[PDB]
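coords.txt, holding compact mmCIF, C-alpha atoms and all ligand atoms:
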# COMPACT_ATOMS: atom_id res chain seq x y z
CA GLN B 1 -10.00 -1.38 -1.90
CA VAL B 2 -7.71 0.52 -4.28
CA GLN B 3 -7.62 -1.07 -7.78
CA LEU B 4 -5.03 -1.21 -10.58
CA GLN B 5 -6.26 -2.89 -13.70
CA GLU B 6 -3.95 -3.81 -16.54
CA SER B 7 -4.90 -4.65 -20.11
CA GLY B 8 -3.19 -5.25 -23.41
CA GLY B 9 -1.17 -8.43 -23.24
CA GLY B 10 -1.31 -11.35 -25.59
CA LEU B 11 0.54 -13.66 -27.89
CA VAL B 12 3.01 -11.83 -30.10
CA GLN B 13 5.91 -12.48 -32.52
CA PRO B 14 9.57 -11.52 -31.92
CA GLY B 15 10.28 -8.09 -33.48
CA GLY B 16 6.74 -6.88 -32.89
CA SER B 17 5.18 -4.21 -30.66
CA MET B 18 2.43 -3.73 -28.18
CA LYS B 19 1.12 -1.26 -25.60
CA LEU B 20 -0.05 -2.24 -22.08
CA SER B 21 -2.37 -0.02 -20.08
CA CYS B 22 -3.22 0.26 -16.47
CA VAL B 23 -6.03 2.17 -14.83
CA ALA B 24 -5.91 3.22 -11.18
CA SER B 25 -8.60 4.09 -8.63
CA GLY B 26 -8.91 4.64 -4.88
CA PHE B 27 -5.90 6.86 -4.33
CA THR B 28 -4.59 10.17 -5.70
CA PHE B 29 -2.83 8.63 -8.73
CA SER B 30 -1.16 11.85 -9.81
CA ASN B 31 0.80 12.18 -6.47
CA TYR B 32 2.58 8.88 -6.91
CA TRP B 33 5.34 7.55 -9.08
CA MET B 34 4.27 4.48 -11.06
CA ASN B 35 6.24 1.41 -12.13
CA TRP B 36 5.96 -1.60 -14.48
CA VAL B 37 7.38 -4.85 -13.11
CA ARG B 38 7.35 -8.24 -14.86
CA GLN B 39 7.49 -11.85 -13.71
CA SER B 40 8.87 -14.82 -15.71
CA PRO B 41 9.56 -18.36 -14.46
CA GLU B 42 13.27 -17.94 -15.42
CA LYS B 43 14.59 -14.45 -14.32
CA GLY B 44 11.95 -14.14 -11.52
CA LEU B 45 10.53 -10.69 -10.70
CA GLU B 46 12.14 -7.80 -12.58
CA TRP B 47 11.59 -4.04 -12.33
CA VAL B 48 11.16 -2.52 -15.82
CA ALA B 49 10.49 1.24 -15.64
CA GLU B 50 9.22 4.05 -13.46
CA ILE B 51 7.57 7.38 -14.21
CA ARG B 52 7.51 10.24 -11.69
CA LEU B 53 5.15 13.23 -11.35
CA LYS B 54 4.04 16.17 -13.47
CA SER B 55 6.23 18.26 -11.12
CA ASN B 56 9.27 16.16 -12.15
CA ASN B 57 8.38 16.74 -15.83
CA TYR B 58 7.34 13.09 -15.85
CA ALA B 59 10.90 11.94 -15.68
CA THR B 60 11.46 8.21 -16.46
CA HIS B 61 14.06 5.49 -15.71
CA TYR B 62 14.37 2.05 -17.31
CA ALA B 63 16.04 -1.23 -16.60
CA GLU B 64 19.05 -1.73 -18.92
CA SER B 65 17.31 -4.89 -20.39
CA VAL B 66 14.63 -2.70 -22.05
CA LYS B 67 16.20 0.73 -22.49
CA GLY B 68 15.76 1.86 -26.09
CA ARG B 69 12.78 -0.47 -26.54
CA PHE B 70 10.15 0.35 -23.94
CA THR B 71 8.43 3.65 -23.11
CA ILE B 72 6.50 4.32 -19.92
CA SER B 73 3.95 7.12 -19.93
CA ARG B 74 1.09 8.31 -17.79
CA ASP B 75 -2.13 10.20 -18.25
CA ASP B 76 -3.06 11.84 -14.95
CA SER B 77 -6.48 12.98 -16.28
CA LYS B 78 -7.41 9.29 -16.91
CA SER B 79 -5.43 7.98 -13.87
CA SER B 80 -3.59 5.66 -16.26
CA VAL B 81 -0.09 4.41 -16.87
CA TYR B 82 1.14 2.81 -20.05
CA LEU B 83 4.03 0.73 -21.38
CA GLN B 84 4.79 0.81 -25.05
CA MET B 85 6.94 -2.15 -25.89
CA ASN B 86 8.88 -2.19 -29.15
CA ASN B 87 11.04 -4.79 -30.78
CA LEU B 88 9.96 -7.63 -28.57
CA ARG B 89 12.23 -10.62 -27.85
CA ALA B 90 11.60 -14.06 -26.37
CA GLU B 91 13.16 -12.80 -23.02
CA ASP B 92 10.32 -10.27 -22.70
CA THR B 93 7.80 -12.98 -22.07
CA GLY B 94 6.20 -12.63 -18.66
CA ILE B 95 3.36 -11.35 -16.57
CA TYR B 96 3.40 -7.51 -16.47
CA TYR B 97 2.22 -5.55 -13.44
CA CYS B 98 1.82 -1.83 -12.85
CA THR B 99 2.68 -1.08 -9.27
CA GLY B 100 3.48 1.86 -6.98
CA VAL B 101 2.84 3.71 -3.68
CA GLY B 102 5.19 3.56 -0.71
CA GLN B 103 6.81 2.07 -2.80
CA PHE B 104 5.03 -1.16 -4.10
CA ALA B 107 1.80 -1.25 -1.85
CA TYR B 108 -0.60 -1.67 -4.88
CA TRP B 109 -0.27 -4.11 -7.76
CA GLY B 110 -2.43 -4.80 -10.68
CA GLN B 111 -3.72 -8.29 -11.40
CA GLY B 112 -1.15 -8.52 -14.24
CA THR B 113 -1.35 -8.95 -18.02
CA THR B 114 0.40 -11.85 -19.75
CA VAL B 115 2.76 -11.19 -22.69
CA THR B 116 3.96 -14.32 -24.52
CA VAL B 117 6.59 -13.67 -27.22
CA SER B 118 7.16 -16.66 -29.52
CA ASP B 1008 24.82 -5.57 -11.96
CA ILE B 1009 23.42 -6.04 -8.55
CA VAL B 1010 22.17 -9.27 -7.17
CA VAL B 1011 19.76 -9.20 -4.25
CA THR B 1012 19.60 -12.51 -2.39
CA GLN B 1013 16.84 -14.03 -0.33
CA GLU B 1014 16.44 -17.40 1.33
CA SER B 1015 15.02 -19.79 -1.35
CA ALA B 1016 12.63 -21.34 1.20
CA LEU B 1017 11.77 -21.23 4.93
CA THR B 1018 9.34 -23.44 6.82
CA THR B 1019 7.36 -22.29 9.88
CA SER B 1020 4.16 -23.15 11.80
CA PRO B 1021 1.17 -21.13 12.93
CA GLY B 1022 2.09 -18.95 15.93
CA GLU B 1023 5.82 -18.98 15.30
CA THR B 1024 8.01 -15.94 14.61
CA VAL B 1025 9.79 -16.11 11.28
CA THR B 1026 12.26 -13.64 9.72
CA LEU B 1027 13.11 -13.46 6.03
CA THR B 1028 16.21 -11.63 4.82
CA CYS B 1029 17.43 -9.66 1.86
CA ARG B 1030 21.13 -9.14 1.14
CA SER B 1031 22.77 -6.90 -1.49
CA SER B 1032 25.87 -7.93 -3.48
CA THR B 1033 27.12 -4.30 -3.21
CA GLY B 1034 27.60 -4.49 0.59
CA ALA B 1035 25.43 -3.48 3.55
CA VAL B 1036 21.71 -2.60 3.15
CA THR B 1037 20.90 0.78 4.71
CA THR B 1038 17.77 2.95 4.90
CA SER B 1039 19.03 4.54 1.63
CA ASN B 1040 17.93 1.37 -0.11
CA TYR B 1041 14.28 1.94 0.87
CA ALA B 1042 13.78 -1.82 1.27
CA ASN B 1043 10.30 -3.02 0.18
CA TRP B 1044 8.66 -6.38 0.86
CA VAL B 1045 5.85 -7.75 -1.37
CA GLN B 1046 3.77 -10.95 -1.01
CA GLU B 1047 2.75 -13.19 -3.94
CA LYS B 1048 -0.26 -15.47 -3.32
CA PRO B 1049 -2.07 -17.70 -5.86
CA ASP B 1050 -2.65 -16.90 -8.71
CA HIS B 1051 0.12 -14.28 -9.23
CA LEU B 1052 -1.65 -11.97 -6.77
CA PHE B 1053 0.83 -9.43 -5.43
CA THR B 1054 0.35 -7.10 -2.47
CA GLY B 1055 2.92 -4.76 -0.91
CA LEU B 1056 3.64 -5.25 2.78
CA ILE B 1057 6.47 -2.90 3.73
CA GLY B 1058 8.09 0.19 2.17
CA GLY B 1059 10.94 2.52 3.20
CA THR B 1060 12.57 -0.22 5.28
CA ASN B 1061 9.93 -0.49 7.97
CA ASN B 1062 6.74 1.30 7.01
CA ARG B 1063 3.81 -1.06 6.87
CA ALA B 1064 1.60 -0.39 3.80
CA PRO B 1065 -1.96 0.66 4.59
CA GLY B 1066 -4.25 -2.15 5.72
CA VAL B 1067 -1.35 -4.62 6.16
CA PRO B 1068 -1.83 -6.82 9.28
CA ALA B 1069 0.30 -5.84 12.32
CA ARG B 1070 2.07 -9.24 12.43
CA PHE B 1071 4.28 -8.06 9.55
CA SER B 1072 7.23 -5.73 10.26
CA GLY B 1073 10.35 -4.57 8.48
CA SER B 1074 13.82 -4.03 9.97
CA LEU B 1075 17.51 -3.90 9.10
CA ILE B 1076 19.50 -6.65 10.86
CA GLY B 1077 23.16 -7.59 10.32
CA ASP B 1078 23.40 -5.36 7.23
CA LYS B 1079 20.42 -7.03 5.53
CA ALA B 1080 16.84 -5.95 5.14
CA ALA B 1081 14.48 -8.30 6.98
CA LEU B 1082 10.76 -9.00 7.16
CA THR B 1083 9.36 -10.55 10.36
CA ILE B 1084 6.03 -12.32 10.79
CA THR B 1085 5.39 -12.30 14.54
CA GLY B 1086 2.84 -15.08 14.86
CA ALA B 1087 2.69 -16.76 11.42
CA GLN B 1088 -0.83 -17.69 10.16
CA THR B 1089 -1.62 -20.49 7.64
CA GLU B 1090 -2.67 -17.92 5.04
CA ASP B 1091 0.87 -16.40 5.16
CA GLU B 1092 2.13 -19.34 3.12
CA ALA B 1093 3.26 -17.45 0.08
CA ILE B 1094 6.24 -16.18 -1.84
CA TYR B 1095 7.94 -13.07 -0.46
CA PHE B 1096 10.14 -10.73 -2.49
CA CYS B 1097 12.22 -7.77 -1.36
CA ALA B 1098 13.16 -4.81 -3.52
CA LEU B 1099 16.12 -2.49 -2.86
CA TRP B 1100 16.68 0.92 -4.40
CA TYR B 1101 20.01 1.94 -5.93
CA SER B 1102 19.94 5.71 -6.73
CA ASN B 1103 17.41 5.50 -9.65
CA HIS B 1104 16.43 1.79 -10.04
CA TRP B 1105 14.98 -1.17 -8.09
CA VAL B 1106 16.48 -4.65 -7.97
CA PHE B 1107 14.17 -7.44 -6.77
CA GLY B 1108 15.45 -10.44 -4.85
CA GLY B 1109 14.64 -13.94 -6.11
CA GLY B 1110 11.90 -14.48 -3.51
CA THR B 1111 11.45 -16.77 -0.53
CA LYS B 1112 8.92 -19.60 -0.51
CA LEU B 1113 7.41 -19.56 2.96
CA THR B 1114 5.64 -22.70 4.01
CA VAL B 1115 3.31 -22.63 7.00
CA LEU B 1116 2.88 -26.22 8.26
CA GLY B 1117 0.47 -27.58 10.93
CA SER H 1 18.45 10.50 -4.67
CA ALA H 2 15.49 8.64 -3.06
CA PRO H 3 12.46 6.74 -4.59
CA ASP H 4 8.84 7.65 -4.05
CA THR H 5 9.13 8.31 -0.26
CA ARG H 6 5.66 10.04 -0.23
CA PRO H 7 3.34 8.30 2.44
CA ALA H 8 0.94 5.63 1.28
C1 LIG Y 1 10.21 11.49 0.53
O1 LIG Y 1 11.01 11.50 1.71
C2 LIG Y 1 12.41 11.57 1.45
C3 LIG Y 1 13.18 11.29 2.74
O2 LIG Y 1 13.22 9.87 2.92
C4 LIG Y 1 12.73 12.92 0.83
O3 LIG Y 1 12.40 13.97 1.75
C5 LIG Y 1 11.95 13.07 -0.49
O4 LIG Y 1 12.07 14.41 -1.01
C6 LIG Y 1 10.46 12.71 -0.37
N1 LIG Y 1 9.91 12.47 -1.71
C7 LIG Y 1 8.61 12.37 -1.98
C8 LIG Y 1 8.28 12.05 -3.41
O5 LIG Y 1 7.73 12.53 -1.14
Here is a file; write its structure as structure tokens.
Amino acid sequence: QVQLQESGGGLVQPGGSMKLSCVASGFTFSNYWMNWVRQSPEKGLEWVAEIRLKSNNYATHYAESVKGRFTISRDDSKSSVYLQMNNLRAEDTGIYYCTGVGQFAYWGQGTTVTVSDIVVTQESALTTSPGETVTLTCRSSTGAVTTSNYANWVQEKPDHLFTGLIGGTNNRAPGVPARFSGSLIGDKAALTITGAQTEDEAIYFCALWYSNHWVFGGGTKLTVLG
Amino acid sequence: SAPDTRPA
């Protein structure tokens, strides 16, 4: 039971600043790249920044929506990652998560921040029943999804509890039940639940990698009925 | 140019 614990959010004015923190345990923090991802009701799940390793001179990349404003840093001696957020705008409101590892196995519980061009497409909703086989899909506006997109799948359960299921197209994250698998089918990434269970009712997001950034899909609401 | 492809 790996842990990522965020802190720092709050209720803030437009034009202001704040710094989020995140403290990791249970895995060799310093071997993995780390990311900040945020969720808002409008705009869904959105990758914000990544930081790589000491051996990469801690190189960073940012979403274009925050470049110039946000800075990601890490402190390997404290197994922590940080996000300094300057010049905040209403559109920055959301729940902020630090996440990483193969590539988005581990998520923090999230910290709320209230301030007051590739599209990745997923089915809005699918309905299944216990014991059925259900496949979710993830299409890119650029064209076919390939293994060079390192498709990830992540599950959101109540209350904003994220856990990574699949990385690198078809690698199950550690401890993920065997009923989940990843594939590429008809030039889309796909997640299959072979024998759906009632507890799999949840929201599922895919993430695809384009050279130096992640784009999340809008998520699929999976209902498990009966 | 790949992402963090290191095993979990
Ligand atoms: C991960 O594997 C890829 C191949 O998919 C590359 O070999 C890359 O250099 C590796 N990167 C890391 C961080 O392990």
Hey, which bits of chain B sit within 10 Å of ligand LIG 1 (chain Y), and for each residue what's the closest pair of atoms and how far apart in Å (one decimal), counting only C-alpha atoms and all ligand atoms, rows by chain and increasing number, as a tab-separated table?
residue	atom	partner	partner_atom	distance
B:31	CA	Y:LIG1	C8	8.1
B:32	CA	Y:LIG1	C8	7.4
B:33	CA	Y:LIG1	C8	7.8
B:52	CA	Y:LIG1	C8	8.5
B:53	CA	Y:LIG1	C8	8.6
B:56	CA	Y:LIG1	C8	9.7
B:101	CA	Y:LIG1	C8	10.0
B:102	CA	Y:LIG1	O5	9.3
B:1038	CA	Y:LIG1	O2	8.5
B:1039	CA	Y:LIG1	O2	8.0
B:1041	CA	Y:LIG1	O2	8.3
B:1059	CA	Y:LIG1	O2	7.7
*Residues at most 6 Å from residue 19 of chain B, counting all atoms listed in the file, excluding those fewer than 2 positions away in the same chain, as a PyMOL selection string?*
chain B and resi 83-85
For the residues selected in the previous step, produce a file with C-alpha atoms as a CSV table (one decimal), keeping the file's coordinate frame.
chain,number,residue,atom,x,y,z
B,83,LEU,CA,4.0,0.7,-21.4
B,84,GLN,CA,4.8,0.8,-25.0
B,85,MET,CA,6.9,-2.2,-25.9
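Proximity of B:1099, B:49, B:4, B:117 to residue 1042 of chain B, computed with all atoms listed in the file, is greatest for B:1099.
Comparing the minimum interatomic distances between residue 10 of chain B and each of B:1096, B:96, B:82, B:47, counting only C-alpha atoms, we find that B:96 sits nearest.
Take the candidates B:1040, B:1030, B:109, B:1022 and check each one against residue 5 of chain H using only C-alpha atoms; the shortest distance goes to B:1040.
Going from atom CA of residue 40 of chain B over to atom CA of residue 3 of chain B, you cover 22.9 Å.
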*Using all atoms listed in the file, which residues sit within 9 Å of residue 1074 of chain B once same-chain residues fewer than 5 positions away are excluded, as a PyMOL selection string?*
chain B and resi 1042+1060-1061+1079-1083
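Straight-line separation from atom CA of residue 1063 of chain B to atom CA of residue 1009 of chain B: 25.4 Å.
The shell of residues at most 12 Å from residue 25 of chain B, with all atoms listed in the file counted and near chain neighbours (fewer than 6 positions) removed, consists of residues 1, 2, 3, 4, 5, 76, 77, 78, 79, 80, 81, 108, 109 and 110 of chain B.
Put simply, atom CA of residue 1015 of chain B is 6.5 Å away from atom CA of residue 1110 of chain B.
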Around all listed atoms of segment 1016-1028 of chain B, padded 4 Å per side, what centre and edge lengths does the axis-aligned box have in Å to one decimal, as JSON?
{"center_x": 8.7, "center_y": -17.5, "center_z": 8.6, "size_x": 23.0, "size_y": 19.8, "size_z": 22.7}
*asked:* Using only C-alpha atoms - which residues lie no farther than 7 Å from the point (1.1, -18.6, 12.8) in the file's frame? Write them as a list in words.
replied: residues 1020, 1021, 1022, 1023, 1086, 1087, 1088 and 1089 of chain B
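If only C-alpha atoms are the atoms counted, then among B:66, B:1067, B:1010, B:48 the closest residue to chain H is B:1067.
Point (3.9, -8.7, 9.1) has the following residues at most 6 Å away: residues 1069, 1070, 1071, 1072, 1083 and 1084 of chain B (atoms considered: all atoms listed in the file).
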*Within 7 Å of residue 35 of chain B using all atoms listed in the file, minus same-chain residues under 5 positions, as a PyMOL selection string*: chain B and resi 49-51+98-100
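Of the residues under consideration (B:1102, B:24, B:7, B:1116), B:1102 shows the shortest atom-to-atom contact distance to residue 2 of chain H when counting only C-alpha atoms.
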